[PDB]
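Worth knowing before you read on, the calculation uses all heavy atoms, side chains too, and leaves out hydrogens, waters and symmetry mates. Every chain is numbered from 1, with letters handed out A, B, ... down the list of sequences. Counting starts at 1 for both ligands and their atoms, following the listed order.
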Amino acid sequence: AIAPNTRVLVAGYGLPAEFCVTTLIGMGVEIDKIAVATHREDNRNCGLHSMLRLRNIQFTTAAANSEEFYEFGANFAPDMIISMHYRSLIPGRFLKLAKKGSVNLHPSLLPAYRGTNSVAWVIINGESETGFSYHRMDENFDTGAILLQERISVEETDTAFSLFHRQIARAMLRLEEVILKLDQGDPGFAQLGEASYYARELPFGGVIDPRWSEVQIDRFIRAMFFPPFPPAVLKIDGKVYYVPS
Amino acid sequence: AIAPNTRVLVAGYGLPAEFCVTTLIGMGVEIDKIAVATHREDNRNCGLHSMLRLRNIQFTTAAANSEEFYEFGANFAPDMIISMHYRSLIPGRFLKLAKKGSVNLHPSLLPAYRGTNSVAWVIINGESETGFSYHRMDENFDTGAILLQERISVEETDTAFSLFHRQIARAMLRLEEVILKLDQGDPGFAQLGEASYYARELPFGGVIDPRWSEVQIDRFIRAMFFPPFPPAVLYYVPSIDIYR
Ligand SMILES: Nc1nc2c(ncn2[C@@H]2O[C@H](CO)[C@@H](O)[C@H]2O)c(=O)[nH]1
Ligand SMILES: C[C@@H]1CNc2nc(N)[nH]c(=O)c2N1
Ligand SMILES: C[C@@H]1CNc2nc(N)[nH]c(=O)c2N1
Ligand SMILES: [Cl-]
């Protein structure tokens with residue numbers, strides 16, 4: 001069991017954050033010992049936002065770099081911070097508020113696929129294996145010590161869509177164990193191997209390079225499939241076509 | 001892996017439904033092979049509705065006993081139906097649409113704690129263990145064949161609140177397995193054991209009887225604890241700590 005009176009601050013967004021809050025409640029963390037930092041109510045965040053209002057869990061939507069956010073953290077005085085698809089870089093001083101530190105879920109086997117769009121890139125690059133990494137947060141993205149990783153096979157029929165959702169689902173299986181590792185002061189291990197990096201931008205601006213091989217085009221089309229967003233674009237005779245995927 | 005082109009209708013509500021759709025998408029079920037029947041958008045169902053809108057997943061909020069609900073299922077032609085906290089009785093003729101049948105998640109070890117508010121009665125009644133049952137649905141609530149059960153210990157500090165949430169979390173962790181049972185035509189097993197049934201309201205209109213033992217009082221307090229609902233009353237008593 002988690003230490004009694006453990007104070008947990010969840011920074012997050014959407015279903016993973018809703019699930020994390022559910023998990024914490026299920027672990028017996030009291031409502032007054034849960035706080036959430038999230039973003040302004042969205043499509044993807046209606047679930048979380050309504051849950052927080054309904055249960056009277058304190059929350060902020062202040063920007064991560066704002067004073068209000070820092071005060072929210074400070075007044076709460078978390079023991080631990082759990083980032084569950086929180087979009088923004090969390091300032092180091094906010095992290096320092098939690099003397100048991102923090103954990104964040106990243107959908108790659110770090111230090112591979114640092115950056116964003118990790119699911120799309122894994123597919124673009126023809127990986128047959130990827131995974132997720134619950135890792136302590138340091139002041140930069142994607143760099144902190146690994147608390148838990150798990151491998152996820154990439155199938156030749158996976159899309160960014162299917163892999164993204166499997167990533168979430170599979171990662172949720174491990175969440176309770178991760179919270180316990182935090183609870184118990186598991187230092188985790190410094191990330192190992194060579195880091196790869198991918199830019200915030202949509203891969204190749206969503207545009208198929210005609211010089212790619214068919215295998216690379218197939219991968220890219222899959223990597224680009226993510227309803228409701230536009231699919232991969234093919235330009236022909238100066239004109240845009242969305243692929244059927 | 002789930003059979004290609006399997007068509008899945010999720011009848012559900014709130015996070016368990018959202019998690020189910022997420023699980024399906026991860027399993028490679030395409031959006032046009034998912035349909036959702038749910039209830040209106042509300043404070044416990046907006047996450048699901050937002051997902052359905054964002055991903056353009058076809059859905060209905062028609063009442064379970066309505067022609068519109070039936071026509072939604074018939075049009076979609078599910079292979080399987082997954083009920084994830086769907087409140088209402090799904091009519092037999094709707095279940096009949098899915099050749100691979102259905103499963104529903106019920107937060108007890110069926111046939112114990114049929115009915116509603118199972119988590120609160122589990123605590124009131126002093127159970128030391130409970131669990132969840134993924135069971136095929138027949139025409140009645142809570143009576144169909146068991147596909148999967150998992151036991152959950154009920155701790156001395158558990159409240160209706162914590163147990164309700166742990167039920168969901170733990171049950172979600174078995175969902176993928178259950179969907180694959182459905183896919184594979186696992187017949188499950190006929191329910192066996194001591195049936196019980198509890199409905200709706202906890203007794204005593206939330207009122208602590210000082211004749212009860214401290215063990216009874218503590219259980220009642222914990223069973224009544226479920227933000228944002230009022231707690232047990234003696235004046236409002238949200239913990240035994242406060243009670244003493
Ligand atoms: N995880 C991760 N996210 C990033 C990185 N760079 C940018 N982002 C995300 O995309 C936004 C940049 O506009 C940030 O707020 C992050 O949400 C990175 O290196 N790692
Ligand atoms: C994805 C998350 C969100 N924000 C983070 N903030 C810091 N500081 N460090 C991080 O690693 C992360 N990753
Ligand atoms: C809880 C769920 C919701 N609806 C059901 N409908 C039928 N027919 N059979 C059922 O068992 C159930 N249980
Ligand atoms: Cl039970």
Side-chain angles (χ1 to χ4, degrees), chain A residues 9-14 16-17 20 37-39 44 63-66 69-70 73 81-98 101-108 110-121 132-147 167-168 171 188 191 195-202, chain B residues 105-133 135 142 146 149-154 158 163-164 166-167 170-171 191-198:
Chain A
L9 187 149
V10 179
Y13 178 72
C20 183
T38 180
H39 305 303
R44 289 166 185 240
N65 71 171
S66 77
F69 179 88
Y70 184 69
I81 288 161
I82 302 172
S83 170
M84 291 296 332
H85 288 217
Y86 190 66
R87 299 177 73 75
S88 314
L89 180 72
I90 296 172
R93 67 174 190 161
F94 184 98
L95 293 174
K96 195 175 180 177
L97 299 171
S102 69
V103 72
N104 169 260
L105 173 59
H106 185 83
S108 76
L110 288 169
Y113 300 92
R114 297 188 174 164
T116 59
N117 293 296
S118 306
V119 166
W121 281 112
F132 58 83
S133 301
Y134 284 98
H135 68 88
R136 290 183 173 275
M137 290 183 282
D138 65 22
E139 295 201 349
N140 293 313
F141 280 119
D142 315 317
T143 33
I146 300 306
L147 288 181
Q167 274 278 7
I168 286 179
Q191 280 181 36
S196 53
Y197 292 87
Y198 296 88
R200 189 213 59 190
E201 72 205 66
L202 204 53
Chain B
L105 170 62
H106 183 79
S108 77
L109 294 170
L110 290 173
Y113 292 95
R114 291 187 171 149
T116 53
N117 218 11
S118 307
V119 297
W121 282 106
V122 161
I123 297 180
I124 295 224
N125 288 346
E127 307 289 354
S128 73
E129 264 185 307
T130 187
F132 56 83
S133 304
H135 63 92
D142 307 327
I146 301 302
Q149 285 179 319
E150 181 178 319
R151 300 175 83 75
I152 289 179
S153 294
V154 180
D158 264 317
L163 187 51
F164 171 92
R166 186 160 80 262
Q167 277 280 6
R170 295 280 184 78
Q191 288 185 30
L192 292 170
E194 180 187 53
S196 56
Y197 173 85
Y198 303 84

Using atom types as modelled and distance alone, determine if a side-chain donor or acceptor of [X] lies under 3.5 Å from a backbone N or O of [Y].
X	Y	answer
A/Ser102	A/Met137	yes
B/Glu129	B/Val154	no
B/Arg166	B/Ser153	yes

Table please: side-chain donor-acceptor pairs of residues 107-126 of chain B below 3.5 Å, with sequence neighbours left out.
from     : atom 1 : to       : atom 2 : distance (Å)
B/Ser108 : OG     : B/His106 : NE2    : 3.2
B/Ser108 : OG     : B/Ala112 : O      : 2.7
B/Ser108 : OG     : B/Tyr113 : O      : 3.3
B/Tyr113 : OH     : B/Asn125 : ND2    : 2.9
B/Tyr113 : OH     : B/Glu127 : OE2    : 2.6
B/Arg114 : NE     : B/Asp142 : O      : 3.2
B/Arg114 : NH2    : B/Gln191 : OE1    : 3.0
B/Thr116 : OG1    : B/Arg200 : N      : 2.7
B/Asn117 : ND2    : B/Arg200 : O      : 2.9
B/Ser118 : OG     : B/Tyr113 : O      : 3.2
B/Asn125 : ND2    : B/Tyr198 : OH     : 3.0

To which protein heavy atom is [atom] closest, and what is the distance rounded to 0.1 Å?
atom	result
atom 14 (C) of ligand 1	A/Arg87 O, 3.9 Å
atom 20 (N) of ligand 1	A/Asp142 OD2, 2.6 Å
atom 5 (C) of ligand 1	A/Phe141 CD1, 3.6 Å
atom 8 (N) of ligand 1	A/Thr116 CG2, 3.3 Å

Return a yes/no value for A/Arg114: is any of its N or O atoms, backbone included, closer than 3.5 angstrom to an N or O of ligand 1?
->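 N/O-N/O distance below 3.5 Å does not exist for this pair.
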Which atoms form the tightest heavy-atom contact between A/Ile90 and A/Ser83, and what is the distance?
->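 Heavy-atom minimum between the residues: CD1-CB, 4.2 Å.
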B/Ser133 versus B/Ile146, closest heavy-atom pair with distance |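 Result for this residue pair: CB-CD1, 4.1 Å.
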Six-ring centre of A/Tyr13, A/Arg87 cation under 6.0 angstrom, axis tolerance 45° |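 Positive - A/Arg87 is close enough to the ring of A/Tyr13 and near enough to its axis.
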Nearest heavy atom to atom 11 (C) of ligand 1: which of A/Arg200, A/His85, A/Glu201 does it belong to?
->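 The nearest heavy atom belongs to A/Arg200.
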Go through ligand 1 atom by atom and flag the ones less than 4.0 Å from a non-hydrogen atom of A/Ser88.
->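 Heavy-atom distances to A/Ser88 below 4.0 Å select 15 (O).
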For ligand 2, what is the set of protein residues having any non-hydrogen atom at a distance below 4.0 Å?
->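 Contacting ligand 2 under 4.0 Å are A/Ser83, A/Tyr86, A/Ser88, A/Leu89, A/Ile90, A/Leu95, A/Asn104, A/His135, A/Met137, A/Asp138, A/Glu139, A/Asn140, A/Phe141, A/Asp142.
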